[PDB]
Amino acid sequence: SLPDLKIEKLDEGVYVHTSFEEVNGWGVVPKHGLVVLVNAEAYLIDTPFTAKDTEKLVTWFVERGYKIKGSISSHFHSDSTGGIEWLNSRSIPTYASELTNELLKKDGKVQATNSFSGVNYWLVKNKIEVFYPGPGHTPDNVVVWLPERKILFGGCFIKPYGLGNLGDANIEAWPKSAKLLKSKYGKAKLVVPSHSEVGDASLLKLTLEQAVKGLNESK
């Protein structure tokens, strides 16, 4: 009996969707993703945990005149991919990196129907960019950049106050990856993490600090 899916305007044409799980040992965890509008078309940046919540989310925007053109999953964990099966079931195109789909397959999960590879990928040319900084929270994690309003979705890689679940993490690489991300995206106006509140580009420095600290206090 946890809070319900929330949808909230972040900037013009950019919405944050927040869904909720109770995870043993952590308590209630929020999960943020985005819905990005381009004309009468909406793009999901990460899916909620469940089919149910992905249905709610899609319907919210359809009922407002938008076609759901596709969704992109920042990494293979359920908090980014839990809605792929329902989106596939609706013939909404789903995008994940080639590395994420191979991890979905190995984890016994349904994969995204469209895959991409490389450091930079345009989901929508000059409007929605995907960037791979390196392994960190997971081997596959990517971030999503909106050049318009200078908004960076960092997924579960942006971890300003603690790294979270390290089961699938690479703590060796994470400081390397986080320095790179800070370098590329220092001029972001807004940075959206998966599990804490939106902030500015200082969240990139905080993440780098948390990655260094986790490497150091790993010995």
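The numbering used is simple: start at 1 and walk along the sequence shown. Basically, rigid core = biggest C-alpha set you can superpose within 1.5 Å across the two forms.
Structural divergence in 4 other deposited structures of this protein between 198-206 and 17-25: following superposition by the core, 17-25 has C-alpha atoms lying farther from the shown form. Remark: when the other structures in 4 other deposited structures of this protein are fitted onto this one via the rigid core, 26-34 deviates more than the alternative among 26-34 and 160-168, judged by RMS CA distance. Once the C-alpha B-factors are averaged per stretch, 39-47 and 155-163 rank with 39-47 first. If you average the C-alpha B-factors over 192-200 and over 18-26, the higher value belongs to 18-26. Sorting the modelled residues of the chain by their CA temperature factor places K106 in the highest third. Looking at the C-alpha B-factors along this chain, the one for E148 belongs to the highest third.
Sort the chain's modelled residues by C-alpha temperature factor and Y95 lands in the lowest third, per the entry. When the modelled residues of the chain are ordered by C-alpha B-factor, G186 sits in the highest third. Split the chain's modelled residues into thirds by C-alpha temperature factor. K31 is in the lowest one.
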